[PDB]
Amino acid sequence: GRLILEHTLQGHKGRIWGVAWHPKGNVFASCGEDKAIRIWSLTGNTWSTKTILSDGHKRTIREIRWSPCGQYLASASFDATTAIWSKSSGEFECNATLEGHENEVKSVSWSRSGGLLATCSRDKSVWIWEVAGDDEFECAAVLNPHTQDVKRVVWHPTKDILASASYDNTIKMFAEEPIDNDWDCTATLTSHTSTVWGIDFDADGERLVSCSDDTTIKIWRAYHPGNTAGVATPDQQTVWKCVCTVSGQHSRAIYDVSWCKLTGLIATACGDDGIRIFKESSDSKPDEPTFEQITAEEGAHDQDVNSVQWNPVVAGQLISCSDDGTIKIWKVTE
């Protein structure tokens, strides 16, 4: 396999934290240290910034995430707020602001349905919000299960399940009981020896990647009751198990991982400035899967690679950002 660099973008001033593809795949957004969000549209063969969003946050914007509808965008920043931007007038303005977190907000995520919004912060908490309209936002649950800084929140692709990665080396699943009408923690995943930075589900949603500060990525499989293997859940809820651990592939902490829903490829953003692509082996067993590194670009950036995101529309197109102040769009060929 080969990883090919297509474009390099330097819109922001300073380090760039997050990038995310629009569900149409022709537009992406980026946030960074400059406290500004840049919307990038593709005209011809060149990518360019069409709009610049400023003054929405007083502090650094860590992550931005598109709605499943793709109309409006939400940003988690260090000013303990999560801003909501909307293009109702043909131009993007900040209509609503979500406050409540005690410290810096680290992550946002949208559910598959699009009516649920989840945030996590350095206050060891994971919040879930309800969206009844653009003029209305209602807090659904405030959860404090994590003992340390919560790094990321990611929703399940097919179902309304929430996953959270934390500085406490653990991952936590969250599901709501129908009879109870309240959110609760489903299971706790404990195999990493250091901070869990990133998480991403596979296409169907029965598996999960996680990258951590321990320079390893792990594959988690969801086991429901009555599994053939023989794994039993003392509670009614499902349990996840570490069925694969890739080690020695990364020199430093892995800050982000993305699992493509079109190809099944896995990309990692490491602190050694390197992007690595992993693909599941052809004969890999469903209880002990084997993943092999097909291609990598050790000099993908001049500094730490902060985020990697596959394109939902264009198969094999990857985007990444780094502390060197660059956004790079890649094309992988198996």
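Numbers follow the displayed sequence, beginning with 1.
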query	finding
Of 286-294 and 305-313, the one with larger mean CA B-factor	286-294
Average Cα temperature factor in the PDB entry - higher stretch of 296-304, 275-283	275-283
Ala253, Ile171, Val108, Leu73, ranked by C-alpha B-factor: the highest one	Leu73
Of the residues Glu136, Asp79, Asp123, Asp214, the one carrying the largest Cα B-factor as recorded	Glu136
Ranked against its chain, the third holding the CA B-factor of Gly264	middle
Within-chain third of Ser48 by Cα B-factor, per the entry	middle
Third of the chain, ranked by Cα B-factor, where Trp85 sits	highest
Chain-wide C-alpha B factor ranking for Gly100, given as lowest, middle or highest third	middle
Third assignment of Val257 from its chain's C-alpha B-factors	lowest
